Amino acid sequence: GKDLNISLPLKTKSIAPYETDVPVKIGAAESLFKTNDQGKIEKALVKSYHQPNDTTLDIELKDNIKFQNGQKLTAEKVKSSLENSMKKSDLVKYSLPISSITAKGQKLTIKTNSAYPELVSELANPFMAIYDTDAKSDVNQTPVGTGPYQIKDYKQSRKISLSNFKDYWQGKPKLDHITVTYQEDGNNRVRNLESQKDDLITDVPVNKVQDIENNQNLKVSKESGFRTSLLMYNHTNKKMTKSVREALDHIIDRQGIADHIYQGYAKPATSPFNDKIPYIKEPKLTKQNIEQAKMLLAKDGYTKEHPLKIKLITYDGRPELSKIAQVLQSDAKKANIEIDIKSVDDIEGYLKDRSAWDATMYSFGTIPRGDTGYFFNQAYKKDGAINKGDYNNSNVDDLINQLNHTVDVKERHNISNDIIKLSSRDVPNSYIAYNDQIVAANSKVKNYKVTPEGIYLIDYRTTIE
């Protein structure tokens, strides 16, 4: 009827908003701010805000908003939500250097100790979505949000059931129910869509695009976006030296990968950030050189008789990562590296054991809100939430720390390009491709979001015709 079936990769454990962006993606939760279809920060739950000085953020909330349990969205509710999320998530905590919050009625005041220009931006982060901390349910299973669809049931790591929240503040949502099921294999997601088991899928494997495009019952939406695929190194393993990272960097054939593995739905990467961003000064493009790699590995004493052994992790959720892994393995052998590929079902959990991997295929949304600061803080600082390999360089730290209190946007761009230049010399990770998000749906599904931030999907206008 008006029921939507969605199939996603990257199964969750907790679906608390501070653990995963899935609640924002599927329409259950909303952040104070958002980015619009053109990537600009906008007020969402906020009616007005002011910044009377560089340590004060005054927010007035809209007065017509309720949580899905009927409770009013007030400043005290936003205060308790933000404080809980900071307390429970390192990602949130490190993105929000908030020193204190006061609340009365619909107005809250957020204070910092010093200037943090990216505060408002990070309040648009989906991990900062607002939920009812007083709700009498487990926030890890059925958080209560302000979004158009309330989570009614959660089968852990498998299925999310949502129902229309009729009093949703923007208007009456257009679906009755939504069912979200996790499926890590991209080919399976496509088969599910083709057999109408599901109506809407993300992360379509590039080699299935043509098959879906030929189907008049289906439609494919591609978006160039700001997601980057990479080879992430484990810097806590002493064998993963600069020579080894440089060697592996030169075993990658980025242009070949973009042309043949992504079949043109990607561009070769240099820095974390898509080169279509005008102010980014990219480092030189690394071209595959097996002899150079072989040479570098001689610096650490590796030979055909005594090769470097690398345990490389991968996962199915982003369909092209394991295809890249396969050709890295084949090519690395020519450079006296024996790569063992291990595909895992729960990548975030697996990487927590730093003794269990040397490198990993990975993918990250490196600039979801128009600023490079988020990535540097989460990926290049010790204990940042996506710094799985524990990359840290005090010289890079210093620039990131300076960036964090830099207000002038032109100066931000300059410091950012300095960080890119300096960090690139370490080869903290090998960035492989800026690749398109590809979404496919039954032709009767209308008005879902496929926009460059790669976060949003469902809103109150998404429907079935």
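Start at 1 and count along the sequence shown; that's the residue number.
Relative to its counterpart among 364-372 and 219-227, 219-227 has the higher mean temperature factor, C-alpha atoms as listed in the PDB entry. With 297-305 and 104-112 compared on mean CA B-factor from the PDB entry, the stretch scoring higher is 297-305.
The maximum CA B-factor among the listed residues 79, 382, 235, 333, taken from the PDB record, is found at 333. Of the candidates 350, 315, 279, 391, the deposited coordinates give 279 the top C-alpha B factor. Ranked within its chain, residue 52 lands in the middle third, by CA B factor from the PDB record. The entry lists a Cα temperature factor for residue 407 that places it in the highest third of the chain's modelled residues. Annotation for residue 14: CA B-factor lies in the middle third of the chain's modelled residues.
Looking at the C-alpha B-factors along this chain, the one for residue 25 belongs to the lowest third. Per-chain ranking of the deposited C-alpha B factor places residue 437 in the highest third.
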